[PDB]
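Each remark here refers to the structure printed beneath this line.
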Amino acid sequence: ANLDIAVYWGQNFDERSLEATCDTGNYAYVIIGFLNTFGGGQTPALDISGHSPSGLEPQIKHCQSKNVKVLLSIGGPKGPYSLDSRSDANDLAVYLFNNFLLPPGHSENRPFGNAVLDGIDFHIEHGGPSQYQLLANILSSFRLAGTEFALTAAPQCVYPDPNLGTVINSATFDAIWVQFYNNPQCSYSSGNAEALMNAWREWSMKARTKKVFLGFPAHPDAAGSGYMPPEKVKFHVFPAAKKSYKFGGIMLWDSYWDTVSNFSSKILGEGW
Ligand SMILES: OC[C@H]1O[C@H](O[C@H]2O[C@H](CO)[C@@H](O)[C@H](O)[C@H]2O)[C@H](O)[C@@H](O)[C@@H]1O
């Protein structure tokens, strides 16, 4: 199917390591979550379930050496993050750029050491659009100032998204993974994919991005609702989705669960 799979990593202290996740060969993107603290007088902080940030340095490089794109996700499902001021946007943009998207300038420091990430993922779950458009604008400007990195977003499945809808409308994102879960109005539920398919139709039609990925839970325990078994996704979801020029593949939540479920292995025919 040539399927590209994006996966979130960093949700569990005890999860399969970052390097081992990349070694699976199942993913085109691994999204480290999350920078879940910023804004509102706060200094930015990571919540990567107790994993050592510095410890990630070599793992990230290993991932990239095997051609897996490694992104940092800002926000997340939960967390004391906000971005209501223009200053907040400027601060976070410069912070992300200096620290994660450029080689060391040898002065301050960097959470992931001297590793250079392949992009930033907007997983904004609350607060409304606030100043996220400005953040994207500044990061996008950097994208044009010599640092070739990607900008992605993870909106919930109701179109348009209340938090990222406007930013998405700017066409600034290289790719978007819609969370087709935790919302019965637009995800699989009751052995019925109508709501899911209608939502996919609208997203593939209206989202101003080159690639739209369908995000699914990798296990029934991974989300409150919306889990769809892999065989059902292949049978039911792919034929229609593949007819879209914007179909990018799927996103899974998350590595910890995927390791248990073998969802990606099943979707791919076992892609070791
Ligand atoms: O001091 C409490 C924190 O310790 C860890 O983070 C520090 O030590 C890591 C190596 O064990 C470094 O990679 C990291 O850069 C240091 O800040 C721990 O990972 C944190 O969760 C603790 O709060």
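Each chain in the structure tokens gets a letter, A, B and so on, in the order shown; residues start at 1 in every chain, and ligands are counted from 1 in the order they appear.
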
At a cut-off of 7 Å and counting only C-alpha atoms and all ligand atoms, what residues surround ligand 1? Please answer as a list in words.
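Every residue with an atom at most 7 Å from ligand 1 is listed here: residues 50, 51, 52, 53, 54, 55 and 111 of chain A.
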
Output file for the residues above (C-alpha atoms, as a short mmCIF file (atom, residue, chain, number, x, y, z; two decimals), in the first residue's frame):
```cif
data_model
loop_
_atom_site.label_atom_id
_atom_site.label_comp_id
_atom_site.auth_asym_id
_atom_site.auth_seq_id
_atom_site.Cartn_x
_atom_site.Cartn_y
_atom_site.Cartn_z
CA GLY A 50 10.05 10.56 32.72
CA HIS A 51 12.30 9.74 29.76
CA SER A 52 15.67 11.45 29.94
CA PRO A 53 15.76 14.35 27.46
CA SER A 54 19.53 14.30 27.05
CA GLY A 55 19.29 10.58 26.83
CA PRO A 111 16.91 19.62 26.07
#
```

With only C-alpha atoms as the counted atoms, please give the residues lying no more than 12 Å from residue 81 of chain A, apart from itself and same-chain residues fewer than 4 positions off, as a ChimeraX atom specification.
/A:34-47,74-77,88-89,92,123-128,130,132

Produce a file of the selected residues containing C-alpha atoms, as a short mmCIF file (atom, residue, chain, number, x, y, z; two decimals), in the first residue's frame.
```
data_model
loop_
_atom_site.label_atom_id
_atom_site.label_comp_id
_atom_site.auth_asym_id
_atom_site.auth_seq_id
_atom_site.Cartn_x
_atom_site.Cartn_y
_atom_site.Cartn_z
CA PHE A 34 5.07 16.70 24.63
CA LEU A 35 6.29 20.27 25.32
CA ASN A 36 3.21 20.68 27.46
CA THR A 37 4.20 23.71 29.44
CA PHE A 38 4.57 27.15 27.97
CA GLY A 39 2.89 30.51 28.07
CA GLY A 40 1.29 32.31 30.95
CA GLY A 41 4.44 33.34 32.70
CA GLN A 42 5.79 29.81 32.54
CA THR A 43 9.11 28.72 31.31
CA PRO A 44 8.76 25.92 28.72
CA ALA A 45 8.98 22.37 29.92
CA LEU A 46 8.71 18.85 28.55
CA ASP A 47 6.57 16.05 29.86
CA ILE A 74 3.84 21.08 21.47
CA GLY A 75 0.79 21.15 23.70
CA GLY A 76 -0.79 17.77 24.11
CA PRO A 77 -3.89 16.23 25.57
CA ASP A 88 4.26 34.31 24.01
CA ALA A 89 4.28 33.31 20.33
CA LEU A 92 8.09 29.97 21.93
CA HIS A 123 -1.11 19.21 19.17
CA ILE A 124 -3.14 22.11 20.58
CA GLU A 125 -6.08 20.67 22.51
CA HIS A 126 -7.32 23.81 24.29
CA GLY A 127 -7.36 27.57 24.40
CA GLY A 128 -8.80 28.41 21.00
CA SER A 130 -5.14 32.43 20.53
CA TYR A 132 -1.02 30.07 17.33
#
```

Just list as a ChimeraX atom specification whatever in segment 17-227 of chain A DSSP marks as strand (DSSP E).
/A:29-35,37-39,42-45,69-76,119-124,150-153,175-179,211-217

Taking only C-alpha atoms into account, produce a table as JSON lines in which each residue of segment 2-50 of chain A with an atom at most 12 Å from an atom of segment 214-228 of chain A appears once, together with its shortest atom pair and the distance in Å to one decimal, ordered by chain and rising number.
```
{"residue": "A:3", "atom": "CA", "partner": "A:214", "partner_atom": "CA", "distance": 11.6}
{"residue": "A:4", "atom": "CA", "partner": "A:214", "partner_atom": "CA", "distance": 10.8}
{"residue": "A:5", "atom": "CA", "partner": "A:215", "partner_atom": "CA", "distance": 9.4}
{"residue": "A:6", "atom": "CA", "partner": "A:215", "partner_atom": "CA", "distance": 8.6}
{"residue": "A:7", "atom": "CA", "partner": "A:215", "partner_atom": "CA", "distance": 9.1}
{"residue": "A:8", "atom": "CA", "partner": "A:215", "partner_atom": "CA", "distance": 10.4}
{"residue": "A:11", "atom": "CA", "partner": "A:222", "partner_atom": "CA", "distance": 10.7}
{"residue": "A:12", "atom": "CA", "partner": "A:222", "partner_atom": "CA", "distance": 11.8}
```

Hey, which of A:117, A:205, A:60, A:22 ends up closest to residue 245 of chain A? Count only C-alpha atoms.
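Of A:117, A:205, A:60, A:22, the one nearest residue 245 of chain A, counting only C-alpha atoms, is A:205.
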
Between A:115, A:254, A:23, A:162, single out the one closest to residue 129 of chain A, counting only C-alpha atoms.
A:162

For residue 140 of chain A, which residue out of A:58, A:79, A:119, A:248 is the nearest one, using only C-alpha atoms?
A:119

Could you check how far atom CA of residue 48 of chain A sits from atom CA of residue 177 of chain A, in Å to one decimal?
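So the answer is 20.1 Å.
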
Straight-line distance linking atom CA of residue 161 of chain A with atom CA of residue 179 of chain A, stated in Å to one decimal
10.7 Å

Which residues are close to residue 172 of chain A, i.e. within 8 Å by only C-alpha atoms, leaving aside same-chain residues fewer than 2 positions away? Reply as an MDAnalysis selection string.
chainID A and resid 136:137 140 151 167:170 174 208:209

Keeping only C-alpha atoms, write the selected residues as a tab-separated table (two decimals), in the first residue's frame.
```
chain	number	residue	atom	x	y	z
A	136	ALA	CA	3.17	29.28	12.91
A	137	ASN	CA	3.95	32.44	10.94
A	140	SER	CA	7.29	29.29	8.89
A	151	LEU	CA	5.25	21.93	10.51
A	167	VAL	CA	-4.09	28.12	11.44
A	168	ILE	CA	-4.79	25.18	9.25
A	169	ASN	CA	-6.68	27.52	6.90
A	170	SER	CA	-3.42	29.47	6.35
A	174	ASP	CA	3.10	20.27	5.55
A	208	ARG	CA	-5.33	23.30	3.21
A	209	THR	CA	-2.41	20.93	3.42
```

Set the distance at 10 Å and use only C-alpha atoms: which residues neighbour residue 149 of chain A once local chain neighbours fewer than 3 positions away are removed? I'd like the list as an MDAnalysis selection string.
chainID A and resid 69 71 97 101:102 116:120 139:140 142:144 146 174

From a backbone DSSP assignment, name each residue in segment 17-160 of chain A labelled helix (DSSP H, G or I), as a ChimeraX atom specification.
/A:18-22,56-65,86-101,132-144

Find the residues around residue 237 of chain A up to 9 Å (only C-alpha atoms counted), leave out those fewer than 4 positions away in its own chain, and share them as number ranges by chain.
A: 193, 196-197, 232-233, 241-242

Based on the selection just made, write N, CA, C and O atoms of those residues as an mmCIF file, in the first residue's frame.
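The new file part23.cif reads:
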```cif
data_model
loop_
_atom_site.group_PDB
_atom_site.id
_atom_site.type_symbol
_atom_site.label_atom_id
_atom_site.label_comp_id
_atom_site.auth_asym_id
_atom_site.auth_seq_id
_atom_site.Cartn_x
_atom_site.Cartn_y
_atom_site.Cartn_z
ATOM 1 N N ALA A 193 -19.078 3.081 10.326
ATOM 2 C CA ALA A 193 -18.089 4.065 9.903
ATOM 3 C C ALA A 193 -18.631 5.235 9.091
ATOM 4 O O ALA A 193 -17.853 5.963 8.471
ATOM 5 N N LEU A 196 -17.361 8.562 10.466
ATOM 6 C CA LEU A 196 -15.933 8.629 10.183
ATOM 7 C C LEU A 196 -15.699 8.991 8.722
ATOM 8 O O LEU A 196 -14.943 9.909 8.412
ATOM 9 N N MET A 197 -16.354 8.266 7.819
ATOM 10 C CA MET A 197 -16.187 8.520 6.394
ATOM 11 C C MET A 197 -16.646 9.910 5.970
ATOM 12 O O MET A 197 -16.032 10.520 5.095
ATOM 13 N N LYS A 232 -10.450 -3.755 9.553
ATOM 14 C CA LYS A 232 -11.549 -2.876 9.195
ATOM 15 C C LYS A 232 -11.054 -1.598 8.537
ATOM 16 O O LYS A 232 -11.601 -1.121 7.611
ATOM 17 N N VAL A 233 -9.975 -1.045 9.073
ATOM 18 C CA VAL A 233 -9.395 0.139 8.472
ATOM 19 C C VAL A 233 -8.923 -0.154 7.050
ATOM 20 O O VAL A 233 -9.232 0.550 6.150
ATOM 21 N N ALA A 241 -10.224 6.417 0.979
ATOM 22 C CA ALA A 241 -9.233 7.402 1.303
ATOM 23 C C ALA A 241 -8.158 7.530 0.247
ATOM 24 O O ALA A 241 -7.763 8.590 -0.082
ATOM 25 N N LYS A 242 -7.742 6.415 -0.300
ATOM 26 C CA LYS A 242 -6.711 6.388 -1.294
ATOM 27 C C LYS A 242 -7.138 7.138 -2.551
ATOM 28 O O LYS A 242 -6.338 7.433 -3.344
#
```

To one decimal in Å, tell me the separation between atom CA of residue 66 of chain A and atom CA of residue 106 of chain A.
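Atom CA of residue 106 of chain A lies at a distance of 26.7 Å from atom CA of residue 66 of chain A.
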
Test item: residues at most 12 Å from residue 67 of chain A, only C-alpha atoms, excluding those fewer than 2 positions along its chain, as a VMD selection string
chain A and resid 22 to 23 25 to 30 60 to 65 69 to 70 118

Could you pull the residues within 9 Å of residue 110 of chain A, counting only C-alpha atoms, minus those fewer than 6 positions along the same chain, as a ChimeraX atom specification?
/A:54,98-100,104
